[PDB]
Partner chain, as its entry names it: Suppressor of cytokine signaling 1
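First, one chain by itself: the form deposited without the partner chain, in structure tokens.
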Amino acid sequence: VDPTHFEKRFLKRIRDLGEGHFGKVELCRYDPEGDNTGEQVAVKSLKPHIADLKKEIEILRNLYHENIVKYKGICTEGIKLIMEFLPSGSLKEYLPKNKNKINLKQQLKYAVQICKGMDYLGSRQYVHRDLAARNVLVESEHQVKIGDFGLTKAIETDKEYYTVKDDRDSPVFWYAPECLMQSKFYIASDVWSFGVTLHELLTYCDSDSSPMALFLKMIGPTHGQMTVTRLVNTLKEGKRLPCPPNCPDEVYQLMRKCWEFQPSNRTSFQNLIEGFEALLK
């Protein structure tokens, strides 16, 4: 028997955890005995694009980092991704809920961890393409893990990037301009997305000040298919998201430097870590 092999029959649902682009993540108790005593596991199954889920599973299965969600196994017939369950959930609902419990140092410790898990993925020649606060799970009050790899893709040989084919559900307000204009994803673009995730982190994931809403204040919520085009210009001009309320300038300058318009010019994760550690120590 394989410990990473999970039966569909023994996988009884409990509650829906999170919604993804193509996949659906629900909490299941895997109980082979059948008496509410099996371990609780997070289960990703496509809504009724198997190749992509299959590809995500081989990427996650070979990721071993303390700030990357642990792969628990699979479920075949047709496939389901079996991950570990983190009861505190994602930063999206934990941050507003525990504002009092989490302060600035804890917020920057989270950023270092996200940066770290990010570097591991990058050094293993993989590009995330979906780095936002809803994709970061809380291990404990001291530890956070990257919990979704739905749009993670391999970077082509001798190429500095992955050329994006389909992009119908690309999170545009989190995206770098090279992705908005050229539609080619670079590791440097995952750094742009980090800076935005960083803003959400500092605002405790607040709806009324989410990166979409704040960018709309600068372009307008009545332009539908022009939304993206205007956004590209606002960035060409030099404008960026505002400073979060009660965020220091030295932090905001690390956030601003996450938005250096060129990919060849833009910072790496290793630089951001050292930059963050310089504020914690």
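In this text, rigid core is short for the largest set of C-alphas that superpose within 1.5 Å between two forms. Numbering follows the first chain given and starts at 1.
Here the subject shifts to the form solved in complex with the partner chain, a form of this protein not shown in this document.
In the deposited bound form, the partner chain lies farther than 4.5 Å from every heavy atom of residue 115. Within this chain, residue 208 is remote from the site of the partner chain in the deposited bound form, having no heavy atom within 4.5 Å. For residue 153, no non-hydrogen atom is located within 4.5 Å of the partner chain in the deposited bound form, even though that partner is not displayed. Although the partner is absent from this view, residue 229 contacts the partner chain in the deposited bound form, with a non-hydrogen atom inside 4.5 angstroms. Proximity to the partner chain in the deposited bound form, taken as a non-hydrogen atom within 4.5 angstroms, holds for one residue of 95, 111, 196, 179, which is 179. For the candidate set 74, 102, 86, 172, a heavy atom within 4.5 Å of the partner chain in the deposited bound form is found for exactly one residue, namely 172.
Contact with the partner chain, judged by heavy atoms within 4.5 Å in the deposited bound form, is confined among 66-74, 49-57, 220-228, 238-246 to 220-228. A 2 Å or larger CA shift between the shown form and the other one, after fitting on the rigid core, occurs at just one of 206, 167, 93, 141, namely 167. With a cut-off of 2 Å and the rigid core superposed, residue 225 has a Cα displacement that reaches or exceeds the cut-off between the shown form and the other one. Annotation for residue 10: C-alpha shift under 2 angstroms between the shown form and the other one, rigid core superposed. Core-aligned CA deviation for residue 22 between the shown form and the other one: 2 Å or greater. Compared with the form shown here, the C-alpha atoms of residue 191 and residue 167 sit at least 3 Å farther apart in the deposited bound form.
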